[PDB]
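K.L.:
Quick one: the structure is below, and I'll ask about it shortly.
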Amino acid sequence: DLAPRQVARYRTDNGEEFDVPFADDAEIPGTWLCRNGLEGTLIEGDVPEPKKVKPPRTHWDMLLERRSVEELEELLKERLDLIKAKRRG
Amino acid sequence: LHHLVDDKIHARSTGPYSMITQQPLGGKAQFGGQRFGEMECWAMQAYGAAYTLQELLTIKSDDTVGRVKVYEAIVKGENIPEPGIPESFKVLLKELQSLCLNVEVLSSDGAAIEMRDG
Amino acid sequence: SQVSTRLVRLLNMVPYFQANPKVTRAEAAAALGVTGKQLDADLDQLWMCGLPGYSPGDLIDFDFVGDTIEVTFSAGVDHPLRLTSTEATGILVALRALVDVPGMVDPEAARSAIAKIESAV
Amino acid sequence: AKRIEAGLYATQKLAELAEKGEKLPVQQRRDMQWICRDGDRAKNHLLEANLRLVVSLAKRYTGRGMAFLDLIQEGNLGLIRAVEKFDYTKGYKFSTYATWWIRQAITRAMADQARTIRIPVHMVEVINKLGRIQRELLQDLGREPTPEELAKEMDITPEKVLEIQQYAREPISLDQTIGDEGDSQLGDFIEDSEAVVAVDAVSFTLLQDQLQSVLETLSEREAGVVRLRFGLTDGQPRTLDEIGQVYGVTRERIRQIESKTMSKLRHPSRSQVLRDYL
Amino acid sequence: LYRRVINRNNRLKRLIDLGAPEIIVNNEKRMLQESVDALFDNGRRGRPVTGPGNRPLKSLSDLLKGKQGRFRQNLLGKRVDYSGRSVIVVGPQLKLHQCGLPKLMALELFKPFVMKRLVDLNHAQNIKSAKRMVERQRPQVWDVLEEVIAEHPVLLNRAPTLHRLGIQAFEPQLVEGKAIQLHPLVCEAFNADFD
Amino acid sequence: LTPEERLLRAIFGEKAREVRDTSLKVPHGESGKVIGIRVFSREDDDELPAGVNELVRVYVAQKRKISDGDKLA
Amino acid sequence: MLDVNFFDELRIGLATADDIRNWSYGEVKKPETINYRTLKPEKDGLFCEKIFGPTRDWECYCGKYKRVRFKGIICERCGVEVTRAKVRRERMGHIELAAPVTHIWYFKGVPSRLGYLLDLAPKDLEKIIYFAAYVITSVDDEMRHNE
Amino acid sequence: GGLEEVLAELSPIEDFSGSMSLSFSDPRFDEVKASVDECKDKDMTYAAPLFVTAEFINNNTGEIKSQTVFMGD
Amino acid sequence: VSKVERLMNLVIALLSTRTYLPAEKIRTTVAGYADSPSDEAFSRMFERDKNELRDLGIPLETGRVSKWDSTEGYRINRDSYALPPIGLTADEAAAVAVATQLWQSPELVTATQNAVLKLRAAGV
DNA sequence: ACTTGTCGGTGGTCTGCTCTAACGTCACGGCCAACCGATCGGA
Ligand SMILES: [Zn+2]
């Protein structure tokens, strides 16, 4: 005699299918850390939309934080003038 | 001289075992067993004693289920059961697989025998 | 709080049962609550509480051979509760000391009781 | 630095004009791409030209767990960060900001990736501070300082110091040689404590048989109640309410049955056989 | 070794994601290659990776090789239970098929049999009482011992085992000392002397 | 705990305490007479190593006579 | 597993990436072994219970399931299967390298097998695989012969 | 002596710039911390303190400092 | 189950423990705390139960699990729980006979009854 | 009336991430030391 259980099917991004045995009275997660190490969603038409994570700090964000738009525009104008003079004389 | 029998006599029936390979420890201070080395194996092979050598290797050193089954059979008075598979062989197979070597045991049909009994 | 009084009553009832050898039913039904009808209902609830695990040998035990209620297993509950700071002890001491009756137990009863209670607190 | 900033701004403007923008002239697109490529090349050139300060900084951290090349690579990451955060308007040379960031990166990495059992940085700092204070106390007093002096000079309790010292232990290796020759190892003297004793198992089996024989001297009701209550049936015990619901009786009745059965079992004729098993 | 491999792999992932110049990426890839090589076989290429005390680390190949390796030390020869060891003296009154075993050594060897036999003779009520009696060396244990060792051969061995006759079976007899009594005529087979 | 052990403890009344016995016992095949005990305690300002609170050493002396198996020269 | 008399052969061979990731029950991602405070295995480390198995018998990592009745199920919170603790010496992991790495046995051997297979001297292999020299993987000879 | 020899072979400790130097001299031993019986009873080490006079010289400014440094037991 | 059963079980468990039991173990081990819907209802209920026990007079101490453990648990000091020894018996009879005769304030009569009951639980 | 679950808050500790602007720029601490036979890569 064993406790009744269900089997959930998960699919990774690169076409991998895995089976996970869960209990009956349990909230089956939409996404799971599969055996390959890649996160995979559960095969369901009614997707339980998970959280969305925004990208972290990048070089452009730091540059814009430490420099105003006017200074960068002036520097770009000077560089464009230099390359124009070098190219077309 | 400082060589007295009181410091030399040692005997054991069952005691502590090792961790990686489930074999008995060594030394009087640890209630360890006596080593049955390769030369003794050669002597047993020359004698022709297959069963004594098999039981010495399997059910006195490494057969984890076999040790407890043998003790129970001796206590209750039944026959000694058949030996199993030594744990050292499974340790060797895992160590070979960790070196990117595909070691697999094949049955008579040609399939692969899983070592995950339990 | 009408639950706190019951809880204190039980916490004192168990040591009382363990400290009076084979107390009859009538004495308990007259001393700790006049209503003897609820005494059985309180014993039934005491029979259900015990040590973690709540297996036999962990819950508190008893012998209802007849009227005598003896405890065989107490689950650590052997001593009564401590008289709370001020509150009950304060009121009892104040009543014992501010008596306006000429001394009748003064020689070796009232003063001895006052001193012993003060030392105990 | 100016080339890097110009390239970054040109890339951002090109990205903005790509989506919800306008048809850039061909020469403008060519110039933007050229500026972006020049900025990338300038960043790479600055990084490569400054990949010599990292080695000098990491030279001083050799012999403290991590390897020399790992320290160099962590310093290279710190140098990348310093290049990302360098401002040319202040007029200071690159060798100061770069030094700060390289040292920070090397120290943080050596705090993380140097112990088999990882300790957080906020506690590695405390351990280092305690060690420095201990060295100063040893120099001042002339003797080995006791935990009391460290407690006073580190404004902490005289008990946290013991925990800090006990968190600094590094595990030894099971493969280290014990004897003079090469036949002994530390791992051969370690006893497995989770192995079956081979004598407790048969004793447990005999205890189960004896207990079954003893419990077979009662009626069906008491034996079933005891087996369900103590979990002797398959693997786990139940509660008073569950057993009462299964048997359709009140919990007080179940408690009375259990009390009577336990009283009966305490009789010597039912406990003399089981005395030696406890 | 696994930690080194994982650390270098993660650092390589970070360097590739950032977009570092090819020199740093190439150096990291070379370090990852060296770490994997040290994991599989530490010392074949370059210098060995050492720990505290300048002791080179032990890899998988070091596990599988040598006299102290897996095969020779743990598969072709093992340590066994039900075995003892003691000094040998000369017993000239023994027969060629007999040996003198100490009572304590024989008791320890035959404990599983003695427990059962003294439970059967109602000397102990159960196995635990019999084990306690054996541990305390009760007077009624020794008689039981003389019943269990009768016609039960034991193998005697003296290292080095140069030929078959280095292991020989004997019928044991309890002796009061702590030294094994060996027949004088089996010494040449064992190459044994009583010094 | 095992259900059988719990039932036995309930029968005999021996409450299960969350402590494991690790007493110092005489090794196998050894005996003698106790001749000395040395006790060190941290609460008495003894330079014990870190983590160790108490330490105790016992000396056992035995007179051995000559017997079969002893080596003379 | 059982009946040693049923073992007919013991075959050995090279293991590809597919076999390596079919043996494994998960990928280890952190160089962590145990927690310095609770002395408990970390997650995705070298001793992770989600990959290799439970340290206790019939107990998961978060302690939600602690009974033999929960046999063969996986805890929905910690992801640890509820089984015996002896599976920790039977389950392997794998590490996904960010760059291919040659096997030391088949390169630094006498004789070198990669060198024999590719007709390359061992010094050339050591220069190539340790990032000291470039090697032309392929060349479009048809295009060169036309322009 | 051996200590004098090693200190003399290490006495000039100068940096690359040549502006600073550190010197060690005059090794001296104080009285023993404890007797042999006390060391064996209490599990200590039979050692004595070592003091070496260290002198710091700054070549550019010419200011010199000298302190008695404790080198250990 | 019942609130009184939860309180009694909690009192017994905290009396019989040897080390500071954390609240997480209290939830799983002590009966009656395992029927909560979520971790916040249990937390608030346990806080209220602790408040009630502390107000009653039962010594409920909160402290670390141990030196090398950062978890924080609760215990009950069995030595501070009460005072066993009692004095003579003749004076206590007079004290009880005069414990309450005409007082009507509910707090006073409840306090006197509690003191009398504790005295009976500590001998007469 | 008492309890109880959802809501909201204060204060504290453990853990992780980011930043610091004179100038600073290409590693060491150290053997190895037998002695035989076999064999692949050079010359
Ligand atoms: Zn879990």
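So you can find residues: chains in the structure tokens are A, B, ... in the order shown, residues in each start at 1, and ligands are numbered from 1 in order.
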Contacts of segment 139-152 of chain E at 8 Å or less, counting only C-alpha atoms (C1' of nucleotides), minus same-chain residues fewer than 3 places along, as a tab-separated table (two decimals) with N, CA and C atoms, in the first residue's frame?

P.N.:
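Produced file out00.tsv, reproduced below:
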chain	number	residue	atom	x	y	z
E	107	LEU	N	37.05	-18.20	22.06
E	107	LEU	CA	35.75	-17.67	22.47
E	107	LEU	C	35.33	-16.52	21.57
E	110	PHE	N	34.35	-17.93	18.09
E	110	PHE	CA	33.15	-18.75	18.06
E	110	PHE	C	31.97	-18.14	18.81
E	113	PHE	N	28.42	-18.90	17.60
E	113	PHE	CA	28.00	-20.27	17.88
E	113	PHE	C	27.75	-20.48	19.37
E	114	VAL	N	28.59	-19.88	20.22
E	114	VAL	CA	28.46	-20.05	21.66
E	114	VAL	C	27.15	-19.43	22.15
E	117	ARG	N	24.37	-21.86	21.25
E	117	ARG	CA	24.44	-23.11	21.99
E	117	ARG	C	24.06	-22.91	23.45
E	118	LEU	N	24.47	-21.80	24.06
E	118	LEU	CA	24.13	-21.58	25.46
E	118	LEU	C	22.72	-21.02	25.63
E	123	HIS	N	20.87	-21.81	29.42
E	123	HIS	CA	21.73	-20.98	30.26
E	123	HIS	C	21.36	-19.51	30.14
E	133	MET	N	26.44	-12.67	28.86
E	133	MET	CA	27.21	-13.72	29.53
E	133	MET	C	28.55	-13.94	28.85
E	134	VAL	N	28.57	-13.94	27.51
E	134	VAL	CA	29.82	-14.10	26.78
E	134	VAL	C	30.76	-12.93	27.06
E	171	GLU	N	42.71	-29.09	13.77
E	171	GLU	CA	41.63	-29.24	14.74
E	171	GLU	C	42.01	-28.53	16.03
E	172	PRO	N	41.23	-27.57	16.50
E	172	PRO	CA	41.64	-26.78	17.66
E	172	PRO	C	41.34	-27.45	18.99
E	173	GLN	N	42.19	-27.17	19.97
E	173	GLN	CA	41.99	-27.58	21.35
E	173	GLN	C	42.22	-26.38	22.25
E	174	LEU	N	41.33	-26.18	23.22
E	174	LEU	CA	41.47	-25.03	24.11
E	174	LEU	C	42.72	-25.18	24.97

K.L.:
Neighbours of residue 77 of chain B within 12 Å (only C-alpha atoms (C1' of nucleotides); same-chain residues fewer than 4 positions away dropped), as JSON, numbers by chain?

P.N.:
{"B": [69, 70, 71, 72, 73, 81], "E": [112, 113, 114, 115, 116, 117, 119, 120]}

K.L.:
Could you turn the residues from that selection into a file that holds C-alpha atoms, as a PDB file, in the first residue's frame?

P.N.:
ATOM      1  CA  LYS B  69      22.355 -12.770   6.827  1.00  0.00           C
ATOM      2  CA  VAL B  70      25.273 -15.035   7.787  1.00  0.00           C
ATOM      3  CA  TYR B  71      25.174 -13.833  11.393  1.00  0.00           C
ATOM      4  CA  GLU B  72      21.417 -14.442  11.580  1.00  0.00           C
ATOM      5  CA  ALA B  73      21.777 -17.901  10.018  1.00  0.00           C
ATOM      6  CA  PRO B  81      23.220 -18.348   2.439  1.00  0.00           C
TER       7      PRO B  81
ATOM      8  CA  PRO E 112      28.049 -16.493  17.365  1.00  0.00           C
ATOM      9  CA  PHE E 113      28.001 -20.272  17.885  1.00  0.00           C
ATOM     10  CA  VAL E 114      28.456 -20.047  21.662  1.00  0.00           C
ATOM     11  CA  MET E 115      25.519 -17.644  21.999  1.00  0.00           C
ATOM     12  CA  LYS E 116      23.165 -20.021  20.180  1.00  0.00           C
ATOM     13  CA  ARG E 117      24.442 -23.107  21.993  1.00  0.00           C
ATOM     14  CA  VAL E 119      20.667 -20.253  24.604  1.00  0.00           C
ATOM     15  CA  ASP E 120      19.664 -23.801  23.628  1.00  0.00           C
TER      16      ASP E 120
END

K.L.:
Taking only C-alpha atoms (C1' of nucleotides) and all ligand atoms into account, which residues are within 10 Å of ligand 1, as a list in words?

P.N.:
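Every residue with an atom at most 10 Å from ligand 1 is listed here: residues 50, 59, 60, 61, 62, 63, 64, 65, 66, 74, 75, 76, 77, 78, 79, 80, 81 and 82 of chain G.
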
K.L.:
What are the closest atom pairs, with distances in Å to one decimal, for each residue of chain C lying within 8 Å of chain I, using only C-alpha atoms, rows by chain and rising residue number, as JSON lines?

P.N.:
{"residue": "C:3", "atom": "CA", "partner": "I:4", "partner_atom": "CA", "distance": 7.0}
{"residue": "C:4", "atom": "CA", "partner": "I:56", "partner_atom": "CA", "distance": 7.3}
{"residue": "C:7", "atom": "CA", "partner": "I:4", "partner_atom": "CA", "distance": 6.7}
{"residue": "C:8", "atom": "CA", "partner": "I:114", "partner_atom": "CA", "distance": 7.9}
{"residue": "C:9", "atom": "CA", "partner": "I:117", "partner_atom": "CA", "distance": 7.4}
{"residue": "C:12", "atom": "CA", "partner": "I:121", "partner_atom": "CA", "distance": 5.4}
{"residue": "C:13", "atom": "CA", "partner": "I:121", "partner_atom": "CA", "distance": 6.6}
{"residue": "C:15", "atom": "CA", "partner": "I:121", "partner_atom": "CA", "distance": 5.8}
{"residue": "C:16", "atom": "CA", "partner": "I:121", "partner_atom": "CA", "distance": 4.3}
{"residue": "C:19", "atom": "CA", "partner": "I:121", "partner_atom": "CA", "distance": 7.6}
{"residue": "C:32", "atom": "CA", "partner": "I:117", "partner_atom": "CA", "distance": 7.2}
{"residue": "C:45", "atom": "CA", "partner": "I:5", "partner_atom": "CA", "distance": 7.5}
{"residue": "C:48", "atom": "CA", "partner": "I:5", "partner_atom": "CA", "distance": 7.9}
{"residue": "C:49", "atom": "CA", "partner": "I:9", "partner_atom": "CA", "distance": 5.8}
{"residue": "C:50", "atom": "CA", "partner": "I:9", "partner_atom": "CA", "distance": 6.2}
{"residue": "C:51", "atom": "CA", "partner": "I:13", "partner_atom": "CA", "distance": 6.1}
{"residue": "C:52", "atom": "CA", "partner": "I:30", "partner_atom": "CA", "distance": 6.3}
{"residue": "C:53", "atom": "CA", "partner": "I:29", "partner_atom": "CA", "distance": 7.3}
{"residue": "C:75", "atom": "CA", "partner": "I:12", "partner_atom": "CA", "distance": 7.3}
{"residue": "C:76", "atom": "CA", "partner": "I:16", "partner_atom": "CA", "distance": 6.4}
{"residue": "C:77", "atom": "CA", "partner": "I:12", "partner_atom": "CA", "distance": 7.3}
{"residue": "C:79", "atom": "CA", "partner": "I:84", "partner_atom": "CA", "distance": 6.6}
{"residue": "C:80", "atom": "CA", "partner": "I:121", "partner_atom": "CA", "distance": 5.7}
{"residue": "C:81", "atom": "CA", "partner": "I:82", "partner_atom": "CA", "distance": 5.3}
{"residue": "C:82", "atom": "CA", "partner": "I:82", "partner_atom": "CA", "distance": 4.0}
{"residue": "C:83", "atom": "CA", "partner": "I:115", "partner_atom": "CA", "distance": 6.7}
{"residue": "C:84", "atom": "CA", "partner": "I:57", "partner_atom": "CA", "distance": 5.4}
{"residue": "C:85", "atom": "CA", "partner": "I:57", "partner_atom": "CA", "distance": 7.8}
{"residue": "C:87", "atom": "CA", "partner": "I:111", "partner_atom": "CA", "distance": 6.4}
{"residue": "C:88", "atom": "CA", "partner": "I:111", "partner_atom": "CA", "distance": 4.2}
{"residue": "C:89", "atom": "CA", "partner": "I:115", "partner_atom": "CA", "distance": 6.7}
{"residue": "C:91", "atom": "CA", "partner": "I:108", "partner_atom": "CA", "distance": 6.8}
{"residue": "C:92", "atom": "CA", "partner": "I:112", "partner_atom": "CA", "distance": 6.2}
{"residue": "C:95", "atom": "CA", "partner": "I:99", "partner_atom": "CA", "distance": 7.4}
{"residue": "C:96", "atom": "CA", "partner": "I:95", "partner_atom": "CA", "distance": 7.0}
{"residue": "C:105", "atom": "CA", "partner": "I:94", "partner_atom": "CA", "distance": 7.4}
{"residue": "C:108", "atom": "CA", "partner": "I:91", "partner_atom": "CA", "distance": 7.7}
{"residue": "C:109", "atom": "CA", "partner": "I:91", "partner_atom": "CA", "distance": 4.3}
{"residue": "C:110", "atom": "CA", "partner": "I:91", "partner_atom": "CA", "distance": 6.3}
{"residue": "C:112", "atom": "CA", "partner": "I:91", "partner_atom": "CA", "distance": 7.1}
{"residue": "C:113", "atom": "CA", "partner": "I:91", "partner_atom": "CA", "distance": 5.6}
{"residue": "C:116", "atom": "CA", "partner": "I:87", "partner_atom": "CA", "distance": 6.5}
{"residue": "C:120", "atom": "CA", "partner": "I:83", "partner_atom": "CA", "distance": 7.1}

K.L.:
For a quick test of understanding: name the residues of chain J lying within 12 Å of chain C when counting only C-alpha atoms (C1' of nucleotides), and present them as a VMD selection string.

P.N.:
chain J and resid 1 to 3

K.L.:
Fewer than 5 positions away in the same chain doesn't count, so skip those; otherwise give me all residues within 7 Å of residue 107 of chain B, counting only C-alpha atoms (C1' of nucleotides), as a PyMOL selection string.

P.N.:
(chain B and resi 112-113) or (chain G and resi 6-9)

K.L.:
Restricting it to N, CA, C and O atoms, dump the selection as a compact mmCIF listing (two decimals), in the first residue's frame.

P.N.:
# COMPACT_ATOMS: atom_id res chain seq x y z
N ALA B 112 21.94 -4.70 -20.40
CA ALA B 112 22.78 -4.13 -19.35
C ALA B 112 22.14 -4.38 -18.00
O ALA B 112 20.94 -4.13 -17.82
N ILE B 113 22.93 -4.87 -17.05
CA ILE B 113 22.45 -5.17 -15.71
C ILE B 113 22.70 -3.96 -14.81
O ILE B 113 23.84 -3.55 -14.62
N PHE G 6 24.85 -14.66 -13.29
CA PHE G 6 24.16 -14.12 -14.45
C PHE G 6 24.99 -13.09 -15.21
O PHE G 6 24.53 -12.58 -16.23
N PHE G 7 26.19 -12.77 -14.74
CA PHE G 7 27.07 -11.83 -15.43
C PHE G 7 27.78 -12.56 -16.56
O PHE G 7 28.57 -13.47 -16.31
N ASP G 8 27.49 -12.17 -17.80
CA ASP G 8 28.09 -12.81 -18.96
C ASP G 8 29.34 -12.10 -19.46
O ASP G 8 30.32 -12.77 -19.81
N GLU G 9 29.33 -10.77 -19.50
CA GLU G 9 30.47 -10.02 -19.99
C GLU G 9 30.59 -8.72 -19.21
O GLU G 9 29.65 -8.27 -18.55

K.L.:
Any idea what the distance is between atom CA of residue 44 of chain I and atom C1' of residue 15 of chain J?

P.N.:
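Interatomic distance, atom CA of residue 44 of chain I to atom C1' of residue 15 of chain J: 26.6 Å.
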
K.L.:
Excluding residue 43 of chain A and residues on its chain fewer than 4 positions from it, collect all residues at most 7 Å away from it, counting only C-alpha atoms (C1' of nucleotides), and give them as a list in words.

P.N.:
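Contacts, with the query itself left out: residues 9, 10 and 11 of chain A.
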
K.L.:
Could you pull out the residues in chain C that DSSP calls alpha helix (DSSP H) from the backbone, as a PyMOL selection string?

P.N.:
chain C and resi 2-19+25-31+37-46+87-97+111-120

K.L.:
So which bits of chain B end up strand (DSSP E) when you DSSP the backbone, as a PyMOL selection string?

P.N.:
chain B and resi 10-12+34-36+104-106

K.L.:
Next, dump the selected residues to file, keeping only C-alpha atoms, as a short mmCIF file (atom, residue, chain, number, x, y, z; two decimals), in the first residue's frame.

P.N.:
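Once everything was written out, this is selection_39.cif:
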data_model
loop_
_atom_site.label_atom_id
_atom_site.label_comp_id
_atom_site.auth_asym_id
_atom_site.auth_seq_id
_atom_site.Cartn_x
_atom_site.Cartn_y
_atom_site.Cartn_z
CA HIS B 10 43.83 -10.42 19.11
CA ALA B 11 40.63 -11.98 17.79
CA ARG B 12 37.43 -10.70 16.22
CA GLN B 34 43.32 -9.96 9.57
CA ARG B 35 44.28 -9.25 5.98
CA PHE B 36 43.82 -12.09 3.49
CA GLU B 104 28.64 -1.92 -18.24
CA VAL B 105 27.82 -5.47 -17.16
CA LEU B 106 26.14 -7.52 -19.89
#

K.L.:
May I have a table of the residues of chain F lying at most 10 Å from chain E, giving each one's closest pair of atoms and their distance in Å to one decimal, counting only C-alpha atoms, ordered by chain and ascending residue number, as a Markdown table?

P.N.:
| residue | atom | partner | partner_atom | distance |
| --- | --- | --- | --- | --- |
| F:29 | CA | E:104 | CA | 9.1 |
| F:67 | CA | E:177 | CA | 7.8 |
| F:68 | CA | E:177 | CA | 6.6 |
| F:69 | CA | E:179 | CA | 5.5 |
| F:70 | CA | E:87 | CA | 8.8 |
| F:71 | CA | E:195 | CA | 7.3 |
| F:72 | CA | E:195 | CA | 9.0 |
| F:73 | CA | E:195 | CA | 9.5 |

K.L.:
Could you list, as a list in words, every residue within 10 Å of segment 128-135 of chain D, counting only C-alpha atoms (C1' of nucleotides) and ignoring same-chain residues fewer than 4 positions away?

P.N.:
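Contacts, with the query itself left out: residues 123, 124, 139, 140, 144, 145, 146, 147, 149, 150, 151, 153, 154, 161, 164 and 165 of chain D.
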
K.L.:
Could you write out the selected residues, including N, CA, C and O atoms, as an mmCIF file, in the first residue's frame?

P.N.:
data_model
loop_
_atom_site.group_PDB
_atom_site.id
_atom_site.type_symbol
_atom_site.label_atom_id
_atom_site.label_comp_id
_atom_site.auth_asym_id
_atom_site.auth_seq_id
_atom_site.Cartn_x
_atom_site.Cartn_y
_atom_site.Cartn_z
ATOM 1 N N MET D 123 31.988 37.671 7.923
ATOM 2 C CA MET D 123 32.637 36.943 9.003
ATOM 3 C C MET D 123 34.121 36.714 8.756
ATOM 4 O O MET D 123 34.892 36.633 9.717
ATOM 5 N N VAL D 124 34.541 36.621 7.492
ATOM 6 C CA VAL D 124 35.968 36.570 7.192
ATOM 7 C C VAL D 124 36.644 37.857 7.641
ATOM 8 O O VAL D 124 37.767 37.841 8.164
ATOM 9 N N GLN D 139 52.297 41.130 20.666
ATOM 10 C CA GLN D 139 53.450 42.027 20.668
ATOM 11 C C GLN D 139 53.489 42.890 21.925
ATOM 12 O O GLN D 139 54.562 43.105 22.501
ATOM 13 N N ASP D 140 52.335 43.395 22.366
ATOM 14 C CA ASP D 140 52.322 44.321 23.496
ATOM 15 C C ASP D 140 52.598 43.603 24.812
ATOM 16 O O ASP D 140 53.527 43.964 25.544
ATOM 17 N N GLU D 144 51.164 35.126 25.292
ATOM 18 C CA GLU D 144 50.010 34.848 24.446
ATOM 19 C C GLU D 144 48.757 35.451 25.069
ATOM 20 O O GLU D 144 48.454 35.169 26.232
ATOM 21 N N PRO D 145 48.012 36.281 24.339
ATOM 22 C CA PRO D 145 46.830 36.917 24.930
ATOM 23 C C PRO D 145 45.696 35.923 25.127
ATOM 24 O O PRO D 145 45.422 35.082 24.268
ATOM 25 N N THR D 146 45.038 36.029 26.276
ATOM 26 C CA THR D 146 43.889 35.201 26.589
ATOM 27 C C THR D 146 42.628 35.789 25.965
ATOM 28 O O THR D 146 42.612 36.954 25.558
ATOM 29 N N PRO D 147 41.559 34.994 25.856
ATOM 30 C CA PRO D 147 40.299 35.530 25.313
ATOM 31 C C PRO D 147 39.793 36.766 26.038
ATOM 32 O O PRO D 147 39.063 37.559 25.430
ATOM 33 N N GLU D 149 41.527 39.447 27.071
ATOM 34 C CA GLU D 149 42.109 40.639 26.459
ATOM 35 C C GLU D 149 41.509 40.907 25.084
ATOM 36 O O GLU D 149 41.243 42.063 24.729
ATOM 37 N N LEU D 150 41.299 39.853 24.291
ATOM 38 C CA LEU D 150 40.670 40.026 22.986
ATOM 39 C C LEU D 150 39.248 40.552 23.123
ATOM 40 O O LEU D 150 38.806 41.363 22.303
ATOM 41 N N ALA D 151 38.525 40.107 24.153
ATOM 42 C CA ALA D 151 37.174 40.606 24.378
ATOM 43 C C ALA D 151 37.177 42.105 24.651
ATOM 44 O O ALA D 151 36.333 42.842 24.127
ATOM 45 N N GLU D 153 39.619 44.317 23.815
ATOM 46 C CA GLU D 153 40.178 45.074 22.700
ATOM 47 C C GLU D 153 39.396 44.906 21.402
ATOM 48 O O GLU D 153 39.743 45.552 20.407
ATOM 49 N N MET D 154 38.356 44.069 21.381
ATOM 50 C CA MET D 154 37.545 43.895 20.181
ATOM 51 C C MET D 154 36.086 44.263 20.431
ATOM 52 O O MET D 154 35.240 44.038 19.559
ATOM 53 N N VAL D 161 34.198 35.205 20.606
ATOM 54 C CA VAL D 161 35.564 34.947 20.158
ATOM 55 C C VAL D 161 35.799 33.449 20.000
ATOM 56 O O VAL D 161 36.470 33.006 19.058
ATOM 57 N N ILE D 164 34.153 32.363 16.801
ATOM 58 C CA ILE D 164 34.937 32.829 15.661
ATOM 59 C C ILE D 164 36.159 31.945 15.457
ATOM 60 O O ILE D 164 36.486 31.565 14.326
ATOM 61 N N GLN D 165 36.851 31.600 16.544
ATOM 62 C CA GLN D 165 38.017 30.732 16.423
ATOM 63 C C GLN D 165 37.622 29.335 15.961
ATOM 64 O O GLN D 165 38.375 28.680 15.231
#
